[PDB]
Amino acid sequence: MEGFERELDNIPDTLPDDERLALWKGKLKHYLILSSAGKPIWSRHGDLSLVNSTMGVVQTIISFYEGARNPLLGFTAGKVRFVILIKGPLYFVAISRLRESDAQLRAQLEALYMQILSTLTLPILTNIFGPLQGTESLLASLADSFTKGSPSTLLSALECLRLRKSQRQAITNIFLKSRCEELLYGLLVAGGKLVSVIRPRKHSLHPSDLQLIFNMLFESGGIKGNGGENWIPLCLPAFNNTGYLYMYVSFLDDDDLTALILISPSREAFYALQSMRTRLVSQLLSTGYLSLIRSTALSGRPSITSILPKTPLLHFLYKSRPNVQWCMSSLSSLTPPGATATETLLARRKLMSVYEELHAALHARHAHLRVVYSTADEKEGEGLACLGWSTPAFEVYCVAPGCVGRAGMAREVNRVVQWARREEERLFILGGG
Amino acid sequence: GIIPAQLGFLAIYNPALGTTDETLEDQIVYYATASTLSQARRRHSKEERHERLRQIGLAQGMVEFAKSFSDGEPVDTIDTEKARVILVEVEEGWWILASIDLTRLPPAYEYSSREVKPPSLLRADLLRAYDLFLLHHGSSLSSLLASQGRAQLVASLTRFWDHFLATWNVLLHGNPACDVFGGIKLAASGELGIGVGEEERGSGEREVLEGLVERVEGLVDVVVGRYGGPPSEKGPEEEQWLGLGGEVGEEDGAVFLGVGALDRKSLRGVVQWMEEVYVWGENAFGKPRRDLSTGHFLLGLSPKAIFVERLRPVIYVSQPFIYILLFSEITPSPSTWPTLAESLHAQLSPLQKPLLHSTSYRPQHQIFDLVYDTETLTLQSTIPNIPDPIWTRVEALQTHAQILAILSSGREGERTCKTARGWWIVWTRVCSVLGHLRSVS
């Protein structure tokens with residue numbers, strides 16, 4: 001809320017442990033990993049020395065409940081909320097001080113669990129129970145996004161970049177003619193936004209599988225701190241209880257960066273995949289699509305005023321229940337004069353903190369809300385009031401200025417869906433090839 | 001084979017009661033179980049003790065754990081899959097712990113909470129019963145311990161709490177929207193016409209009431225309420241007006257909220273206890289038994305008391321308009337009781353027929369509002385209650401679940417909702433007035 005700008009910074013680890021715990025004590029968000037025996041495995045904002053002393057209570061709490069045949073589900077206390085997730089020997093617990101519902105933390109903790117499973121397959125995941133040798137930085141940076149707001153994981157979808165149907169189709173075709181017999185499925189991404197998908201006839205790309213690839217590469221790891229071509233193993237929930245599936249990641253360069261994802265089920269396919277990229281870059285440069293991709297990726301997040309003329313809506317957000325994807329509008333439109341990183345960070349966090357209550361309101365326990373309206377009118381700052389709307393077929397979010405009312409949103413919400421419906425082919429992928 | 005969501009165990013403990021292991025066993029003051037409810041339900045082992053004391057041990061651990069994160073002292077709700085556990089601080093160190101066993105639905109073995117009473121109002125319900133309990137024993141529960149001693153509290157606490165939990169249906173029954181707030185129920189007429197100089201309807205009848213507290217000796221305040229209808233002259237003679245059932249919204253609201261000498265905080269209690277005699281006829285704490293000499297009377301000075309800092313109550317009963325005549329501690333002499341009973345039946349005789357039509361006064365397809373005022377605690381209500389097994393039973397489960405779901409979120413400020421079958425719930429705040437412009441179709 002107020003201390004968020006200094007919240008994202010890590011523990012200094014240069015001051016006595018007394019107030020060190022106090023610094024960890026009041027931070028907004030906390031994600032923890034503790035084993036069934038109660039030993040804490042991973043703590044994001046805290047060192048393992050800090051967590052174990054304080055977190056022994058949770059193990060004590062669950063120990064009684066597991067004995068009473070009651071796997072505990074979650075707490076709540078005033079502003080802060082405690083959520084417990086059970087997945088195998090590992091126990092997932094998250095502490096949230098923001099106005100986040102338990103369902104939001106369940107999704108956020110679920111993504112963290114998927115990362116552990118993606119590196120260690122299910123048969124070895126149970127038997128092995130540090131254990132997370134290379135996923136420490138992967139998990140630490142992933143929790144940074146959740147604190148920053150994560151419009152993707154909170155909504156459980158993927159972004160898209162604005163390319164026309166014909167242009168997108170041409171990329172898919174040139175991504176399919178250059179095919180080898182070891183592409184279980186491959187992806188092309190630019191700046192975190194999916195570009196094209198290639199699929200075989202029988203094997204299916206479960207939308208839950210995509211979130212594994214995007215979260216560990218384009219949101220948390222930054223393609224493992226660049227480094228060039230990387231060949232790393234992978235595990236997918238669809239292809240569970242199998243050996244580590246193999247995925248190829250490399251920058252497609254001669255944000256602005258564009259990366260290429262190819263996946264093979266065999267160890268000795270790296271050279272074929274490496275040769276696959278080499279022939280791909282030549283054809284993309286020959287046609288000029290790669291030069292087009294960087295321009296569109298750089299000028300992403302279209303301005304809402306350009307999308308809709310003379311519209312006071314500060315922001316937009318859209319989703320499609322079938323063919324799970326996700327759209328968005330401009331984000332740097334909060335204040336053009338603002339240039340320092342501190343106001344644009346709070347601009348984002350508050351912006352998703354406007355939607356953090358709305359998503360909880362729509363998704364309740366068999367409450368079946370359809371349209372939700374509110375008003376977070378500041379005492380002196382401004383009359384910033386939120387909006388909201390929904391459908392079993394799609395979801396829409398909105399934010400409006402001090403000029404408010406049902407007509408303050410229905411005058412536009414009924415046509416922002418039409419704009420998304422009009423621009424659905426150039427903003428959402430129905431399927432691969 | 002659906003198992004209803006019956007109450008599990010409910011405990012009353014003071015963490016500061018025992019600072020040693022030998023004294024830690026006695027932290028529990030009142031304990032309840034499904035087996036314990038069985039003995040009282042029909043009216044309306046060492047290892048077992050180990051589990052009782054052990055489970056509250058986590059609660060003191062839980063409150064201490066979360067107290068240090070957000071400065072928010074209580075872990076109000078503990079969420080599990082079998083038993084929804086709530087925790088409420090009633091008064092400065094006394095805690096009530098309840099465990100609502102979920103709706104067991106053996107899918108060979110499944111759980112649900114589609115109709116389980118949400119924890120947003122049990123805190124209001126438990127505080128209601130606790131405040132209702134404090135209306136019968138002492139001013140404050142903490143001061144009650146210092147007077148009667150630890151041993152005496154358990155007997156009195158068991159006597160009342162075993163009665164309440166014997167029929168505390170943990171389900172969406174009655175009017176949850178009104179139950180979330182404390183509030184004072186106001187009838188269709190609501191508060192009577194104030195002032196002298198206009199006739200209108202139900203205006204000059206306050207002067208006789210406001211004059212009643214003057215002529216009769218030692219009367220501090222009275223309250224009335226149209227729980228029942230006019231005297232039914234149908235086949236059956238009595239209609240058994242006091243008996244099983246539930247209070248009806250927009251009809252049961254108390255009227256003539258008071259005159260003075262009663263704080264608005266403790267004026268809620270007397271109305272709530274006055275609600276009990278109608279809802280639980282002849283079966284309330286104190287066991288009101290109607291007098292055969294004067295049929296239109298109940299209780300009567302002749303032990304029972306009400307603690308508002310100590311008014312001895314008497315109950316004057318017409319078929320509508322339950323009268324709660326609060327008499328002082330000493331000034332009414334119990335020896336001259338029969339003379340006052342005849343005068344009271346005569347003084348309040350001409351306030352039956354004129355008052356009946358007066359309270360019958362009333363002030364986008366269908367609209368139901370609800371006004372709650374913070375400083376005066378009045379609850380002008382219109383939302384209908386769930387009918388027993390204007391809507392159907394199944395619909396109002398969702399409507400009353402969503403109405404109080406958004407109340408917990410908020411606490412301009414305007415909010416709005418909708419549902420597939422068609423509703424429009426609007427919570428608006430402006431004196432702070434909470435208007436609930438709940439619409440439908």
# chains A, B, ... in the order shown; residues from 1 in each chain; ligands from 1
$ select_by_dssp --residues "region 23-240 of chain A" --states "strand (DSSP E)" --output "PDB file with N, CA, C and O atoms, in the first residue's frame"
ATOM      1  N   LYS A  29       4.099  -9.496   1.135  1.00  0.00           N
ATOM      2  CA  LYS A  29       3.826 -10.838   0.645  1.00  0.00           C
ATOM      3  C   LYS A  29       4.909 -11.798   1.114  1.00  0.00           C
ATOM      4  O   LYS A  29       6.056 -11.395   1.327  1.00  0.00           O
ATOM      5  N   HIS A  30       4.542 -13.067   1.283  1.00  0.00           N
ATOM      6  CA  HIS A  30       5.491 -14.098   1.679  1.00  0.00           C
ATOM      7  C   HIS A  30       5.105 -15.421   1.038  1.00  0.00           C
ATOM      8  O   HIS A  30       3.940 -15.824   1.098  1.00  0.00           O
ATOM      9  N   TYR A  31       6.082 -16.091   0.433  1.00  0.00           N
ATOM     10  CA  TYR A  31       5.911 -17.428  -0.114  1.00  0.00           C
ATOM     11  C   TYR A  31       6.932 -18.348   0.535  1.00  0.00           C
ATOM     12  O   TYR A  31       8.121 -18.016   0.589  1.00  0.00           O
ATOM     13  N   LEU A  32       6.473 -19.495   1.025  1.00  0.00           N
ATOM     14  CA  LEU A  32       7.322 -20.408   1.774  1.00  0.00           C
ATOM     15  C   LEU A  32       7.134 -21.833   1.274  1.00  0.00           C
ATOM     16  O   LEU A  32       6.064 -22.206   0.789  1.00  0.00           O
ATOM     17  N   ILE A  33       8.196 -22.625   1.402  1.00  0.00           N
ATOM     18  CA  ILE A  33       8.177 -24.044   1.071  1.00  0.00           C
ATOM     19  C   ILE A  33       8.683 -24.801   2.286  1.00  0.00           C
ATOM     20  O   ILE A  33       9.800 -24.551   2.754  1.00  0.00           O
ATOM     21  N   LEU A  34       7.872 -25.723   2.796  1.00  0.00           N
ATOM     22  CA  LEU A  34       8.271 -26.532   3.937  1.00  0.00           C
ATOM     23  C   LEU A  34       7.851 -27.973   3.698  1.00  0.00           C
ATOM     24  O   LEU A  34       6.776 -28.234   3.150  1.00  0.00           O
ATOM     25  N   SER A  35       8.714 -28.904   4.097  1.00  0.00           N
ATOM     26  CA  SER A  35       8.489 -30.318   3.851  1.00  0.00           C
ATOM     27  C   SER A  35       7.461 -30.880   4.828  1.00  0.00           C
ATOM     28  O   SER A  35       7.069 -30.236   5.806  1.00  0.00           O
ATOM     29  N   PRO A  40      11.569 -26.189   6.794  1.00  0.00           N
ATOM     30  CA  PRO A  40      11.307 -25.260   5.686  1.00  0.00           C
ATOM     31  C   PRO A  40      12.355 -25.429   4.595  1.00  0.00           C
ATOM     32  O   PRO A  40      13.556 -25.437   4.867  1.00  0.00           O
ATOM     33  N   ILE A  41      11.892 -25.572   3.356  1.00  0.00           N
ATOM     34  CA  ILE A  41      12.806 -25.786   2.240  1.00  0.00           C
ATOM     35  C   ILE A  41      13.214 -24.459   1.615  1.00  0.00           C
ATOM     36  O   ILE A  41      14.402 -24.119   1.559  1.00  0.00           O
ATOM     37  N   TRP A  42      12.239 -23.689   1.139  1.00  0.00           N
ATOM     38  CA  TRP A  42      12.510 -22.424   0.471  1.00  0.00           C
ATOM     39  C   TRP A  42      11.672 -21.311   1.082  1.00  0.00           C
ATOM     40  O   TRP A  42      10.470 -21.473   1.302  1.00  0.00           O
ATOM     41  N   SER A  43      12.322 -20.181   1.350  1.00  0.00           N
ATOM     42  CA  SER A  43      11.656 -18.956   1.775  1.00  0.00           C
ATOM     43  C   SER A  43      12.143 -17.831   0.877  1.00  0.00           C
ATOM     44  O   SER A  43      13.352 -17.665   0.692  1.00  0.00           O
ATOM     45  N   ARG A  81      -3.674 -12.637   5.324  1.00  0.00           N
ATOM     46  CA  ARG A  81      -4.341 -13.901   5.040  1.00  0.00           C
ATOM     47  C   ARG A  81      -3.301 -14.995   4.864  1.00  0.00           C
ATOM     48  O   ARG A  81      -2.295 -14.792   4.177  1.00  0.00           O
ATOM     49  N   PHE A  82      -3.548 -16.151   5.473  1.00  0.00           N
ATOM     50  CA  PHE A  82      -2.652 -17.296   5.386  1.00  0.00           C
ATOM     51  C   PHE A  82      -3.326 -18.389   4.572  1.00  0.00           C
ATOM     52  O   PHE A  82      -4.484 -18.733   4.829  1.00  0.00           O
ATOM     53  N   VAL A  83      -2.603 -18.934   3.595  1.00  0.00           N
ATOM     54  CA  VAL A  83      -3.124 -19.962   2.702  1.00  0.00           C
ATOM     55  C   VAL A  83      -2.185 -21.159   2.743  1.00  0.00           C
ATOM     56  O   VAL A  83      -0.963 -20.994   2.677  1.00  0.00           O
ATOM     57  N   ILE A  84      -2.754 -22.358   2.850  1.00  0.00           N
ATOM     58  CA  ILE A  84      -1.999 -23.603   2.904  1.00  0.00           C
ATOM     59  C   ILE A  84      -2.392 -24.455   1.707  1.00  0.00           C
ATOM     60  O   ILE A  84      -3.583 -24.612   1.418  1.00  0.00           O
ATOM     61  N   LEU A  85      -1.395 -24.998   1.011  1.00  0.00           N
ATOM     62  CA  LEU A  85      -1.621 -25.885  -0.121  1.00  0.00           C
ATOM     63  C   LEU A  85      -0.891 -27.201   0.107  1.00  0.00           C
ATOM     64  O   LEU A  85       0.246 -27.218   0.586  1.00  0.00           O
ATOM     65  N   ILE A  86      -1.551 -28.301  -0.243  1.00  0.00           N
ATOM     66  CA  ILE A  86      -1.028 -29.645  -0.035  1.00  0.00           C
ATOM     67  C   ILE A  86      -0.742 -30.261  -1.395  1.00  0.00           C
ATOM     68  O   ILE A  86      -1.664 -30.471  -2.194  1.00  0.00           O
ATOM     69  N   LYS A  87       0.530 -30.560  -1.657  1.00  0.00           N
ATOM     70  CA  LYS A  87       0.942 -31.239  -2.889  1.00  0.00           C
ATOM     71  C   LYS A  87       2.111 -32.158  -2.544  1.00  0.00           C
ATOM     72  O   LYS A  87       3.253 -31.701  -2.431  1.00  0.00           O
ATOM     73  N   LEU A  90       5.806 -32.031  -0.105  1.00  0.00           N
ATOM     74  CA  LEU A  90       5.978 -30.599   0.081  1.00  0.00           C
ATOM     75  C   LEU A  90       4.676 -29.953   0.530  1.00  0.00           C
ATOM     76  O   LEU A  90       3.588 -30.334   0.091  1.00  0.00           O
ATOM     77  N   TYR A  91       4.791 -28.968   1.416  1.00  0.00           N
ATOM     78  CA  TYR A  91       3.659 -28.169   1.860  1.00  0.00           C
ATOM     79  C   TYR A  91       3.872 -26.737   1.398  1.00  0.00           C
ATOM     80  O   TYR A  91       4.934 -26.156   1.637  1.00  0.00           O
ATOM     81  N   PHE A  92       2.865 -26.173   0.738  1.00  0.00           N
ATOM     82  CA  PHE A  92       2.946 -24.834   0.173  1.00  0.00           C
ATOM     83  C   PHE A  92       2.116 -23.889   1.028  1.00  0.00           C
ATOM     84  O   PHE A  92       0.910 -24.096   1.197  1.00  0.00           O
ATOM     85  N   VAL A  93       2.761 -22.857   1.562  1.00  0.00           N
ATOM     86  CA  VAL A  93       2.110 -21.860   2.402  1.00  0.00           C
ATOM     87  C   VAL A  93       2.485 -20.476   1.897  1.00  0.00           C
ATOM     88  O   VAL A  93       3.651 -20.221   1.577  1.00  0.00           O
ATOM     89  N   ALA A  94       1.496 -19.592   1.805  1.00  0.00           N
ATOM     90  CA  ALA A  94       1.706 -18.226   1.354  1.00  0.00           C
ATOM     91  C   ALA A  94       1.057 -17.258   2.332  1.00  0.00           C
ATOM     92  O   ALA A  94      -0.065 -17.488   2.794  1.00  0.00           O
ATOM     93  N   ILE A  95       1.769 -16.180   2.642  1.00  0.00           N
ATOM     94  CA  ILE A  95       1.295 -15.137   3.545  1.00  0.00           C
ATOM     95  C   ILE A  95       1.090 -13.876   2.722  1.00  0.00           C
ATOM     96  O   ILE A  95       2.029 -13.388   2.081  1.00  0.00           O
ATOM     97  N   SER A  96      -0.127 -13.342   2.741  1.00  0.00           N
ATOM     98  CA  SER A  96      -0.485 -12.186   1.931  1.00  0.00           C
ATOM     99  C   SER A  96      -1.114 -11.114   2.808  1.00  0.00           C
ATOM    100  O   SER A  96      -2.066 -11.390   3.546  1.00  0.00           O
ATOM    101  N   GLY A 186       6.320 -26.844 -30.413  1.00  0.00           N
ATOM    102  CA  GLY A 186       7.240 -25.733 -30.333  1.00  0.00           C
ATOM    103  C   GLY A 186       6.505 -24.409 -30.285  1.00  0.00           C
ATOM    104  O   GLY A 186       5.342 -24.300 -30.675  1.00  0.00           O
ATOM    105  N   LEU A 187       7.215 -23.389 -29.803  1.00  0.00           N
ATOM    106  CA  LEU A 187       6.635 -22.069 -29.598  1.00  0.00           C
ATOM    107  C   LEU A 187       7.577 -20.995 -30.122  1.00  0.00           C
ATOM    108  O   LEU A 187       8.792 -21.183 -30.196  1.00  0.00           O
ATOM    109  N   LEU A 188       6.991 -19.854 -30.479  1.00  0.00           N
ATOM    110  CA  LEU A 188       7.734 -18.645 -30.809  1.00  0.00           C
ATOM    111  C   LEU A 188       7.157 -17.509 -29.980  1.00  0.00           C
ATOM    112  O   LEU A 188       5.938 -17.311 -29.965  1.00  0.00           O
ATOM    113  N   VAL A 189       8.021 -16.779 -29.278  1.00  0.00           N
ATOM    114  CA  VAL A 189       7.592 -15.770 -28.321  1.00  0.00           C
ATOM    115  C   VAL A 189       8.442 -14.519 -28.512  1.00  0.00           C
ATOM    116  O   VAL A 189       9.619 -14.587 -28.871  1.00  0.00           O
ATOM    117  N   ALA A 190       7.828 -13.365 -28.264  1.00  0.00           N
ATOM    118  CA  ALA A 190       8.540 -12.093 -28.352  1.00  0.00           C
ATOM    119  C   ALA A 190       8.111 -11.228 -27.175  1.00  0.00           C
ATOM    120  O   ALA A 190       6.942 -10.844 -27.087  1.00  0.00           O
ATOM    121  N   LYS A 193       5.130 -12.472 -25.065  1.00  0.00           N
ATOM    122  CA  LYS A 193       3.851 -12.655 -25.736  1.00  0.00           C
ATOM    123  C   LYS A 193       3.965 -13.767 -26.768  1.00  0.00           C
ATOM    124  O   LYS A 193       4.863 -13.744 -27.616  1.00  0.00           O
ATOM    125  N   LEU A 194       3.058 -14.737 -26.690  1.00  0.00           N
ATOM    126  CA  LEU A 194       3.078 -15.858 -27.619  1.00  0.00           C
ATOM    127  C   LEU A 194       2.807 -15.377 -29.038  1.00  0.00           C
ATOM    128  O   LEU A 194       1.940 -14.531 -29.268  1.00  0.00           O
ATOM    129  N   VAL A 195       3.553 -15.921 -29.997  1.00  0.00           N
ATOM    130  CA  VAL A 195       3.453 -15.531 -31.397  1.00  0.00           C
ATOM    131  C   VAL A 195       2.789 -16.618 -32.236  1.00  0.00           C
ATOM    132  O   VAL A 195       1.861 -16.344 -32.996  1.00  0.00           O
ATOM    133  N   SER A 196       3.259 -17.857 -32.116  1.00  0.00           N
ATOM    134  CA  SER A 196       2.724 -18.944 -32.924  1.00  0.00           C
ATOM    135  C   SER A 196       2.905 -20.265 -32.191  1.00  0.00           C
ATOM    136  O   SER A 196       3.749 -20.396 -31.300  1.00  0.00           O
ATOM    137  N   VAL A 197       2.101 -21.249 -32.587  1.00  0.00           N
ATOM    138  CA  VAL A 197       2.099 -22.573 -31.975  1.00  0.00           C
ATOM    139  C   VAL A 197       2.091 -23.621 -33.080  1.00  0.00           C
ATOM    140  O   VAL A 197       1.377 -23.481 -34.077  1.00  0.00           O
ATOM    141  N   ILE A 198       2.893 -24.668 -32.902  1.00  0.00           N
ATOM    142  CA  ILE A 198       2.930 -25.810 -33.809  1.00  0.00           C
ATOM    143  C   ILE A 198       2.607 -27.065 -33.009  1.00  0.00           C
ATOM    144  O   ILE A 198       3.166 -27.280 -31.928  1.00  0.00           O
ATOM    145  N   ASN A 230      20.517 -22.337 -25.036  1.00  0.00           N
ATOM    146  CA  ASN A 230      20.412 -23.182 -23.856  1.00  0.00           C
ATOM    147  C   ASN A 230      19.607 -24.426 -24.191  1.00  0.00           C
ATOM    148  O   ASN A 230      18.614 -24.360 -24.921  1.00  0.00           O
ATOM    149  N   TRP A 231      20.046 -25.562 -23.654  1.00  0.00           N
ATOM    150  CA  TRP A 231      19.387 -26.850 -23.855  1.00  0.00           C
ATOM    151  C   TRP A 231      19.171 -27.459 -22.475  1.00  0.00           C
ATOM    152  O   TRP A 231      20.111 -27.978 -21.866  1.00  0.00           O
ATOM    153  N   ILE A 232      17.939 -27.396 -21.981  1.00  0.00           N
ATOM    154  CA  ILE A 232      17.647 -27.815 -20.613  1.00  0.00           C
ATOM    155  C   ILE A 232      16.507 -28.828 -20.611  1.00  0.00           C
ATOM    156  O   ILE A 232      15.644 -28.796 -21.500  1.00  0.00           O
ATOM    157  N   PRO A 233      16.469 -29.739 -19.645  1.00  0.00           N
ATOM    158  CA  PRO A 233      15.354 -30.684 -19.556  1.00  0.00           C
ATOM    159  C   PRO A 233      14.103 -30.025 -18.996  1.00  0.00           C
ATOM    160  O   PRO A 233      14.131 -28.912 -18.467  1.00  0.00           O
ATOM    161  N   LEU A 234      12.994 -30.746 -19.113  1.00  0.00           N
ATOM    162  CA  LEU A 234      11.697 -30.225 -18.710  1.00  0.00           C
ATOM    163  C   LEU A 234      10.783 -31.390 -18.372  1.00  0.00           C
ATOM    164  O   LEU A 234      10.976 -32.508 -18.856  1.00  0.00           O
TER     165      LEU A 234
END
$ interface_residues --of "chain A" --to "chain B" --cutoff "9 Å" --atoms "only C-alpha atoms" --output "ChimeraX atom specification"
/A:25-27,54,57-58,60-61,64,70-80,97,357,361,365-377
$ write_last_selection --atoms "N, CA, C and O atoms" --output "tab-separated table (two decimals), in the first residue's frame"
chain	number	residue	atom	x	y	z
A	25	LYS	N	9.12	-9.18	9.02
A	25	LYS	CA	7.86	-9.40	9.73
A	25	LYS	C	6.71	-8.72	9.01
A	25	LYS	O	5.63	-9.31	8.84
A	26	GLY	N	6.92	-7.49	8.57
A	26	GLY	CA	5.88	-6.64	8.01
A	26	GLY	C	5.81	-6.54	6.51
A	26	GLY	O	5.00	-5.76	6.00
A	27	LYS	N	6.62	-7.29	5.77
A	27	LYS	CA	6.59	-7.19	4.32
A	27	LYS	C	5.26	-7.70	3.78
A	27	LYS	O	4.58	-8.52	4.40
A	54	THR	N	10.48	-19.07	13.24
A	54	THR	CA	9.10	-18.60	13.26
A	54	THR	C	8.13	-19.62	12.67
A	54	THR	O	6.99	-19.74	13.15
A	57	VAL	N	5.84	-22.97	14.17
A	57	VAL	CA	4.46	-22.93	14.63
A	57	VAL	C	3.53	-23.57	13.60
A	57	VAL	O	2.66	-24.37	13.94
A	58	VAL	N	3.73	-23.23	12.32
A	58	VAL	CA	2.89	-23.77	11.26
A	58	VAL	C	2.99	-25.29	11.22
A	58	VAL	O	1.98	-25.99	11.11
A	60	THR	N	3.75	-27.14	13.73
A	60	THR	CA	3.01	-27.56	14.92
A	60	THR	C	1.50	-27.51	14.67
A	60	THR	O	0.77	-28.42	15.08
A	61	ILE	N	1.03	-26.46	13.99
A	61	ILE	CA	-0.40	-26.34	13.71
A	61	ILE	C	-0.87	-27.48	12.81
A	61	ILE	O	-1.87	-28.15	13.10
A	64	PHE	N	-1.01	-31.24	14.43
A	64	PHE	CA	-2.26	-31.62	15.09
A	64	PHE	C	-3.35	-31.91	14.07
A	64	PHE	O	-4.10	-32.88	14.21
A	70	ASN	N	-7.42	-33.97	9.27
A	70	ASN	CA	-7.89	-32.69	8.76
A	70	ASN	C	-6.74	-31.91	8.15
A	70	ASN	O	-6.21	-30.98	8.76
A	71	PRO	N	-6.32	-32.27	6.93
A	71	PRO	CA	-5.36	-31.42	6.21
A	71	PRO	C	-5.84	-29.98	6.15
A	71	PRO	O	-6.85	-29.68	5.50
A	72	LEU	N	-5.12	-29.10	6.83
A	72	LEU	CA	-5.56	-27.73	7.01
A	72	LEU	C	-5.58	-26.99	5.68
A	72	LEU	O	-4.81	-27.29	4.77
A	73	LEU	N	-6.48	-26.01	5.57
A	73	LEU	CA	-6.70	-25.30	4.32
A	73	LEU	C	-6.23	-23.86	4.34
A	73	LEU	O	-5.64	-23.40	3.35
A	74	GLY	N	-6.47	-23.11	5.41
A	74	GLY	CA	-6.01	-21.74	5.47
A	74	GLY	C	-6.53	-20.92	6.64
A	74	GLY	O	-7.57	-21.25	7.21
A	75	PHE	N	-5.82	-19.86	6.99
A	75	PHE	CA	-6.20	-18.95	8.06
A	75	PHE	C	-6.70	-17.64	7.47
A	75	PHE	O	-6.81	-17.47	6.25
A	76	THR	N	-7.00	-16.69	8.35
A	76	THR	CA	-7.20	-15.29	8.02
A	76	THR	C	-7.23	-14.50	9.32
A	76	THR	O	-7.77	-14.96	10.32
A	77	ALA	N	-6.59	-13.32	9.31
A	77	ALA	CA	-6.46	-12.53	10.53
A	77	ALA	C	-6.35	-11.06	10.12
A	77	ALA	O	-5.26	-10.60	9.76
A	78	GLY	N	-7.46	-10.34	10.20
A	78	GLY	CA	-7.44	-8.93	9.88
A	78	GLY	C	-7.03	-8.70	8.44
A	78	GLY	O	-7.62	-9.24	7.50
A	79	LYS	N	-6.00	-7.88	8.25
A	79	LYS	CA	-5.54	-7.55	6.91
A	79	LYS	C	-4.79	-8.70	6.25
A	79	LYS	O	-4.86	-8.86	5.02
A	80	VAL	N	-4.09	-9.51	7.02
A	80	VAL	CA	-3.23	-10.55	6.47
A	80	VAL	C	-4.02	-11.85	6.34
A	80	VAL	O	-4.93	-12.13	7.12
A	97	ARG	N	-0.59	-9.89	2.72
A	97	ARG	CA	-1.19	-8.75	3.39
A	97	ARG	C	-2.06	-7.91	2.47
A	97	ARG	O	-2.86	-7.11	2.96
A	357	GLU	N	-9.38	-7.07	-5.89
A	357	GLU	CA	-10.66	-7.32	-5.25
A	357	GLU	C	-11.69	-7.79	-6.27
A	357	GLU	O	-12.53	-8.65	-5.96
A	361	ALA	N	-14.17	-10.96	-6.21
A	361	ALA	CA	-15.62	-10.77	-6.16
A	361	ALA	C	-16.32	-11.64	-7.19
A	361	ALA	O	-17.34	-12.27	-6.89
A	365	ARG	N	-17.57	-18.60	-3.87
A	365	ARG	CA	-18.06	-19.95	-3.63
A	365	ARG	C	-19.53	-20.03	-4.02
A	365	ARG	O	-20.42	-19.80	-3.20
A	366	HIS	N	-19.78	-20.37	-5.28
A	366	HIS	CA	-21.13	-20.55	-5.81
A	366	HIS	C	-22.00	-19.31	-5.57
A	366	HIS	O	-23.17	-19.41	-5.22
A	367	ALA	N	-21.40	-18.14	-5.77
A	367	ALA	CA	-22.13	-16.89	-5.61
A	367	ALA	C	-22.68	-16.35	-6.92
A	367	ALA	O	-23.68	-15.62	-6.91
A	368	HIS	N	-22.05	-16.70	-8.04
A	368	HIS	CA	-22.58	-16.42	-9.38
A	368	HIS	C	-22.79	-14.93	-9.64
A	368	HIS	O	-23.79	-14.52	-10.23
A	369	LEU	N	-21.84	-14.11	-9.19
A	369	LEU	CA	-21.86	-12.70	-9.58
A	369	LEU	C	-21.53	-12.56	-11.06
A	369	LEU	O	-20.70	-13.30	-11.60
A	370	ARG	N	-22.18	-11.60	-11.71
A	370	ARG	CA	-22.00	-11.36	-13.14
A	370	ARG	C	-21.38	-10.00	-13.43
A	370	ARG	O	-20.43	-9.91	-14.21
A	371	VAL	N	-21.90	-8.94	-12.82
A	371	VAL	CA	-21.36	-7.59	-12.99
A	371	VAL	C	-21.06	-7.03	-11.61
A	371	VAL	O	-21.90	-7.10	-10.71
A	372	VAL	N	-19.85	-6.48	-11.45
A	372	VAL	CA	-19.43	-5.91	-10.18
A	372	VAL	C	-18.94	-4.49	-10.43
A	372	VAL	O	-18.12	-4.25	-11.32
A	373	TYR	N	-19.46	-3.54	-9.64
A	373	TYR	CA	-19.08	-2.14	-9.71
A	373	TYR	C	-18.68	-1.69	-8.32
A	373	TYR	O	-19.19	-2.19	-7.32
A	374	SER	N	-17.75	-0.73	-8.26
A	374	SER	CA	-17.26	-0.25	-6.98
A	374	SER	C	-16.77	1.18	-7.15
A	374	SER	O	-16.88	1.78	-8.22
A	375	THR	N	-16.22	1.74	-6.06
A	375	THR	CA	-15.68	3.09	-6.09
A	375	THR	C	-14.68	3.23	-4.95
A	375	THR	O	-15.08	3.25	-3.78
A	376	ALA	N	-13.40	3.31	-5.28
A	376	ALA	CA	-12.35	3.57	-4.30
A	376	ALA	C	-12.01	5.06	-4.28
A	376	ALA	O	-10.88	5.48	-4.54
A	377	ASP	N	-13.02	5.87	-3.95
A	377	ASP	CA	-12.88	7.32	-3.99
A	377	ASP	C	-11.94	7.78	-2.88
A	377	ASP	O	-12.21	7.54	-1.70
$ select_by_dssp --residues "region 52-227 of chain A" --states "helix (DSSP H, G or I)" --output "ChimeraX atom specification"
/A:52-67,102-119,122-128,136-148,151-155,165-177,207-219,222-225
